[PDB]
Every structure is written in structure tokens, then in C-alpha cells.
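So the structure is just underneath, and the comments pick up after that.
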Amino acid sequence: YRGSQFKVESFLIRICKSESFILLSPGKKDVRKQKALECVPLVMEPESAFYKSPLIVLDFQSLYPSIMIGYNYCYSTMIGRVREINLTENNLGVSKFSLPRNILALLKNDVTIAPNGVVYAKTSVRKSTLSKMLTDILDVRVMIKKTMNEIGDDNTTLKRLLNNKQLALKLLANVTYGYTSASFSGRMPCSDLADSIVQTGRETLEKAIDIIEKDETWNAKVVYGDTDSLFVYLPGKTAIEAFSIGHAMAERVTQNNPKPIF
Amino acid sequence: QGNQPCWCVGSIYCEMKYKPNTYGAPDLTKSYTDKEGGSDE
Amino acid sequence: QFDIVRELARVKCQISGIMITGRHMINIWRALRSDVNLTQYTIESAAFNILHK
Amino acid sequence: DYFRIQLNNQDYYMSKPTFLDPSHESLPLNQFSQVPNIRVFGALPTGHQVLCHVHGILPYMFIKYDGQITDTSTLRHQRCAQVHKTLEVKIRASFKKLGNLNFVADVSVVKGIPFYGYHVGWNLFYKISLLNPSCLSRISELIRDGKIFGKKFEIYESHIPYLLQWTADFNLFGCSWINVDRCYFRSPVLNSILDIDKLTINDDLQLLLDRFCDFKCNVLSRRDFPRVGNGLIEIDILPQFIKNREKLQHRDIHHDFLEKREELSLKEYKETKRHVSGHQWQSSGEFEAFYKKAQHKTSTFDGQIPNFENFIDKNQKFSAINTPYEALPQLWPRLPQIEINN
């Protein structure tokens, strides 16, 4: 019936009661008065050509789960809005909250700076709730994948359970950016958190395109940019050898990026 | 069903379908053909 | 002129077919099977689409 | 012993107070007027789709302002009197003195870190339990209107429905096997003249329910608390009676500082990257520069002691009061169905 935005609420409320956090609510008039903006992902389309040259699939397996775990841009560390930051008042997200006075100056070291300007702590002092959530989703995902790939033939006895559990975890993970969906028909939108996480996904994608464009040895040119994945066209690059260059390029981007992203 | 046998004037349509043969999915239907049709009842 | 919804319910009393109390339906109205073309996947069409029969 | 139902669809149930329903506070002498409790239509092992009335769960939500750091631990009752007095004025404002009042339950205070906000100091919020789960959204928007009270407060828990709050409490996941303790059953298998009792029963499930009663006063009386609903055998549970894993931990280093499921018995069970080292995003240098500048503008300027160990321990003279994992089992074991009255 509800479809979206709701399973992630139940799993997050399970985790944050397990870590004894206390959730908040907006009212709908307060949803419509969030100063709600959308710094959209500025992905850009390809040019009109045939692209006879073979192409590579970059295949970020998830933007928003993998960057919630990898960068800790979570719900539970929203202390930011460097533009007009003060002790008394912070109109960040859905409501208007104060901040304690020294703990941000005390937290000068532990900030990961967002590209839109909300200062977010590392996991080294926090071990964040949403980070724990999507840590659990990637851990369960790789357990399911490895057990599915290890059982052998398994002619529709346990393989059905493993693949439908796989699709259940994937159907959680694609909509966990939802409930940061930032619409009028939403509960706890937190629109500038969505701005932060998709803008750092965009700049992660630009870090992918400038590890692509500055690697002259693995010569390529970006053509199709999009959110979940990226496509370059490898100019005349003998695709049986692109079977090597895609895996080696994937190792070169995973080593560039932090640990969880594959 | 009356136990005295009457003259049962009727026409036999017991088994008539095809041993040799896919828009209408015939072979999946023809699984029912092979075993039941083979029985001569 | 009779309420069968209460007897279909596991519960005994309350004091469009959108939702039956204590129960839950499944099919096409809230739940597409494969495609964004929900009307396309009527049960005569999806007989061959997925079951191949 | 090692068995209970799975969890299908649910709904709430606007029940009048009964023995084994918790009527006992904000004002201790008054009971509630209509206690909403959860009906579960759960699936037991090997079929036997049963309906169980789970008492005890009440819709609890929090509010914005705080209990006093030292006063409310000593004396909660004048603050609770003020809260449920103002909510009684909100009952007078409802759309259609006042003992056994219809809509508001106990309003005691529960601590925690606000998930929204990142304040590591525990912050008391008054856990206003309610009695009308339909109206909680409505009266919460009446609070946000502030028609009566001079200021508008934050309503908490993302105003989730009573179903979701209930399944949040006990880790009681949908379609999931759990366990229970030695417990009390409501009634036997009814609809005996109907064909449910003849064939749909199965002998392994009476071998499952070999421990169902203690003394056969465990059955709930039909003249006071009748077996409402059609189905197989009902074993009622209190929220004290749920002997789940209950693995909603303390995780107390959420309040302290770190500087200071899904398990398979399948035989196989198969299971480092370079850091970005100054991960500039080509505009984040200006944002961290203005972060440093506004930080120096928003610093102390007196008593400069920036230690993670220091900032908890100034706050930690605040005492240990009701936690969210203490709020749930609180105030309704109440020696259940002790039945001194006949």
C-alpha cells in the first residue's frame, strides 16, 4: 500500500532504538516551510554519435548506501549549515535547533566537510546510526551474494530463497535515499541532507571522471554521465582487452574511493 | 444411473488429439495429451 | 443488503473493496508485476509473458 | 518453550479497560477510559492462523521541552499534572475534573539523544503516552497549531502509526518466529460445531501446546472478557510476557565517546583501500575556511578546554533516569491477572 519511504523508517527506527536515539517529526505545514531546495545531480547527457568504439560500465553498485557508509553523511550528525551558523539557532533540515557552544570548536578535527556546507563528523567518534544501517545492508548483501555463489548448482531448493532475499535487500537499498526524498508527501524530509548526499555523490562521480580523464595510459573519454553508473567510451580499445582494463580501472577507482564502495 | 441398463445412445469423444506438433503454447498443453491420451479409456 | 466484510474478517464485529479489516488482498490495483504498463499486464496477457502458457 | 507465532497483518483495537489490560501515573488513582491494544492475526508453526489480543502497548510520543535536571527525578508528579492538564484542555478542544478521561495516558519523562540534532548530552523529553491512536496525528497537528498553548512543540518518532511503534518496541519483526515464557491463554479452540475444530486441528500442535495452562484458571472468563474473533487458539501476551531475544541494546557509548542478525547455519557461509588524503571537493576549501572563521567567532573565548572527555563529564552529573529500553517494560508487569477480585 505505502510502497516507498516506509520500510526504511521501520528499519531505521529499529536501529536507533537499538542505539537509543530519539526520532523527530515534521508537520506538513512545516514540511512546506523548510526552505526546501534541491541541488540536483548535474549529470550530463552524451553527444549524438554512433559510438562504434567499445564502452565501459563503471557500475557504482550504490551511490547513496555506499556513500552513507563511506562518508558518514548521516541523519545523526546534522550539525552543519556553515552559512549562518550560530549557537542559538540552526534552521537545518526540518526544524530550528540550537547547538552546544564548545563541542563544534572541540569538533574542529573530526569534521568531514560536505560540498553544500554542512559539517559532518567522522565515524571514529560517532559510529553513526545510518552508517550502521547501511553497514548492515552491505554486510548482509555480501553474505547473500557469497553464499549464493558458493552453494553450487542448488536446483531451486535454497537458491530461490537466496535470490529473493537478494532482491529484498536490493529493494531496500534503492529506496534508502527515499525518506530523505524531500517532497511534500514525506515524513522527515531533511531536504538539505539530500542535497549534501547527492552533491557528494556528484563530486564522487567527478572524482571518477578525473581519474578517467587524467589516466592517459588507460586512455578514454567520458560520454554518458548518470547517477547510479557512469559510461565512458573507450576509443577503439579492443573489448577483449577492455575485459582487463575495466577490472584494473575498477581497482584504480576503488583504491581512490574509500573502503566500502565496489 | 438407474440400475437397469438402458440403450445409451451417445457419441464417443474420449481421446482425439495429436501426437506430432508456438504462439498458443501447444507442447505445455500437450503434456496433458500424452499420458491421458495413451490410456485407452 | 448484507455486510459480508465483517464475516470475511477474522474479528467478529465492528461495533468499494479498498481494504478488508483483518485481511489483505494482493493483486494488480496496488501491485504491478513487471512493467510500468500496468494495463498491459492483464491476466490473459501475463499468462504467456511469464508462465509462457 | 521454543515456539511462538509469525506475524501477518495487524490493526489496533479500541478496547475498554479489562483485567490484564493495564489501566494503571500522571494521576495514579484514575484508570484509563478506553485502552487501545494490538490485535495480532499471527501465523503459528504448521498453519493454525490464530488471532491474539496483545494488551499493554499504548501509543507513546515525546514532546519538545525538558524535565528539570534534578527536580523531576525527585518529583515527577507536578510536571505530569501540568502536562495532562494542558492535554485535558486539548481534550476539551476535541472535535466531538474529568476522571477516567478518554484520550490521554501517562506522560512521564524519558531521556535519550535526539536522533535529529546530534547532541551527545541526554535530553529529557516527556513521553506522552496516549489512548486514541487515530487522533495522535490530529492532536499532534493541534499541538503544532498551538490553538491553546502559547508555543508549538516538536512531536517525535516521525508520527509513526501505533502498529509501527508497537513493532518497534519488542523487535517483533513481521513474519518472524519468536518465543514466549510460561504464559496465559485466553480461550480454547472455539467454533467447535463448525468444521475448523474437526479437521483443521493437528496433533503436533497440541504437542506444541502441551504447556498451555498452569492451573486452568488461566482461561479468561467469557462473561467479562469474551473470545472475540474467529480462528484457532488464542494465547494472550502482555509486553512483560514477550520472551523475545529483545536485542535492542543499551549501546551506551552513543552517549559516551569512542575516543574514550542474519545468521546462517548453511555449511559454506562464505564472507583495504587508499584514503583520499585531503578530499577537497573543489569548493569545500571555502566552506572549511568559513567553518574555521565562524567557529572562531562562535568559540568560548574563556575557559578554553576542548576535550571530548571533558564535555561529557561536566554534563554527566545528571542522574540516570528512564531510558527508552527502560520505558517499555516500565509500569505494566503489575503482577498480571492476579485476580483477588472474582
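Residue numbers start at 1 in each chain; chains themselves are named A, B, ... in the order of the C-alpha cells; ligands are numbered from 1 in the order shown.
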
Picked from region 1-215 of chain D by DSSP as strand (DSSP E), as a list in words
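Answer for region 1-215 of chain D restricted to strand (DSSP E) is residues 10, 11, 12, 13, 14, 15, 35, 36, 37, 38, 39, 40, 52, 53, 54, 60, 61, 109, 110, 113, 114, 125, 126, 128 and 129 of chain D.
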
Taking only C-alpha atoms into account, find every residue of chain A that has an atom no more than 7 Å from chain D, and write it out as a count of residues only.
48

Correct to one decimal, the distance CA of residue 227 (chain A)-CA of residue 191 (chain A) is 18.0 Å

What lies within 10 Å of region 29-40 of chain A using only C-alpha atoms, ignoring chain neighbours under 3 positions off, as a PyMOL selection string?
(chain A and resi 25-26+43+91-96+116+182-192+194-199+202) or (chain D and resi 141+144-145)

Kindly provide the residues of chain C that approach chain B to within 12 Å, each paired with its closest atom pair and their distance in Å to one decimal, based on only C-alpha atoms, listed by chain and increasing number, as a Markdown table.
| residue | atom | partner | partner_atom | distance |
| --- | --- | --- | --- | --- |
| C:44 | CA | B:24 | CA | 11.9 |
| C:45 | CA | B:24 | CA | 11.8 |
| C:47 | CA | B:25 | CA | 10.2 |
| C:48 | CA | B:25 | CA | 8.0 |
| C:49 | CA | B:23 | CA | 11.3 |
| C:51 | CA | B:25 | CA | 10.1 |
| C:52 | CA | B:25 | CA | 6.9 |
| C:53 | CA | B:25 | CA | 5.3 |

Deliver the residues from the most recent selection as a file, using C-alpha atoms, as a short mmCIF file (atom, residue, chain, number, x, y, z; two decimals), in the first residue's frame.
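Result went into out.cif, see below:
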data_model
loop_
_atom_site.label_atom_id
_atom_site.label_comp_id
_atom_site.auth_asym_id
_atom_site.auth_seq_id
_atom_site.Cartn_x
_atom_site.Cartn_y
_atom_site.Cartn_z
CA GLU C 44 -4.66 -13.09 -20.14
CA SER C 45 -1.54 -11.26 -21.37
CA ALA C 47 -0.22 -15.91 -18.99
CA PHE C 48 2.37 -16.04 -21.79
CA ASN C 49 4.61 -13.19 -20.56
CA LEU C 51 4.42 -18.51 -17.36
CA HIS C 52 4.88 -18.97 -21.18
CA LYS C 53 1.48 -20.75 -21.26
#

I need the chain A residues near chain C as an MDAnalysis selection string; criterion: at most 12 Å, counting only C-alpha atoms.
chainID A and resid 1:3

Could you jot down the CA of residue 198 (chain D) to CA of residue 13 (chain C) separation for me, Å, one decimal place?
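A separation of 24.7 Å between them.
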
For the atom pair CA of residue 99 (chain A) and CA of residue 80 (chain A), what is the interatomic distance in Å to one decimal place?
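Answer for the CA of residue 99 (chain A) to CA of residue 80 (chain A) separation: 9.8 Å.
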
Should the cut-off be 9 Å, what would the residue list for chain C against chain D look like, counting only C-alpha atoms, as a PyMOL selection string?
chain C and resi 7+9-13+21-24

Using only C-alpha atoms, which protein or nucleic acid residues come within 12 Å of residue 203 (chain D)? Drop anything in the same chain fewer than 6 positions from it, and give the result as number ranges by chain.
D: 46, 48, 197, 209-210

Skip residue 132 (chain A) itself and residues of its chain fewer than 5 positions away, then list as a PyMOL selection string all residues within 9 Å of it, counting only C-alpha atoms.
chain A and resi 15+69+127+137

Using only N, CA, C and O atoms, please write the residues we just selected to a file, as an mmCIF file, in the first residue's frame.
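Writing the result to again-v4.cif gives the following:
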data_model
loop_
_atom_site.group_PDB
_atom_site.id
_atom_site.type_symbol
_atom_site.label_atom_id
_atom_site.label_comp_id
_atom_site.auth_asym_id
_atom_site.auth_seq_id
_atom_site.Cartn_x
_atom_site.Cartn_y
_atom_site.Cartn_z
ATOM 1 N N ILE A 15 16.956 0.399 14.408
ATOM 2 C CA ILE A 15 18.373 0.605 14.690
ATOM 3 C C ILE A 15 18.573 1.716 15.719
ATOM 4 O O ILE A 15 19.362 1.571 16.662
ATOM 5 N N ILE A 69 27.682 4.889 4.192
ATOM 6 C CA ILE A 69 28.703 4.191 4.980
ATOM 7 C C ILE A 69 30.084 4.823 4.774
ATOM 8 O O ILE A 69 30.827 5.034 5.742
ATOM 9 N N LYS A 127 30.341 6.414 15.036
ATOM 10 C CA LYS A 127 29.861 5.105 14.557
ATOM 11 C C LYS A 127 28.358 5.168 14.275
ATOM 12 O O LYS A 127 27.539 4.528 14.942
ATOM 13 N N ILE A 137 23.328 -3.352 5.754
ATOM 14 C CA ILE A 137 22.797 -3.721 4.438
ATOM 15 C C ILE A 137 23.908 -4.243 3.518
ATOM 16 O O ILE A 137 23.709 -5.240 2.815
#

Neighbours of region 77-83 of chain D within 12 Å (only C-alpha atoms; same-chain residues fewer than 4 positions away dropped), as a ChimeraX atom specification?
/D:25-28,62-63,65-68,71-73,87-90,104-109,125-129,149

Excluding residue 2 (chain D) and any residue of its chain fewer than 4 positions from it, enumerate the residues within 12 Å of it, using only C-alpha atoms, and give them as an MDAnalysis selection string.
chainID D and resid 45 177:182 208:209 211 243:245

Generate the output file for the selected residues, C-alpha atoms, as a PDB file, in the first residue's frame.
ATOM      1  CA  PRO D  45       4.098 -23.087  13.076  1.00  0.00           C
ATOM      2  CA  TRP D 177       9.333 -16.680  14.720  1.00  0.00           C
ATOM      3  CA  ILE D 178       9.654 -15.578  18.372  1.00  0.00           C
ATOM      4  CA  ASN D 179       9.408 -17.249  21.785  1.00  0.00           C
ATOM      5  CA  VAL D 180       7.336 -16.672  24.936  1.00  0.00           C
ATOM      6  CA  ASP D 181       7.611 -17.675  28.596  1.00  0.00           C
ATOM      7  CA  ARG D 182       5.188 -19.680  30.697  1.00  0.00           C
ATOM      8  CA  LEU D 208       3.310 -27.907  20.887  1.00  0.00           C
ATOM      9  CA  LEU D 209       0.733 -26.517  23.345  1.00  0.00           C
ATOM     10  CA  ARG D 211       2.381 -26.346  28.350  1.00  0.00           C
ATOM     11  CA  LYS D 243      10.228 -13.541  25.916  1.00  0.00           C
ATOM     12  CA  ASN D 244      11.852 -12.447  22.693  1.00  0.00           C
ATOM     13  CA  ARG D 245      15.581 -12.014  22.223  1.00  0.00           C
TER      14      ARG D 245
END
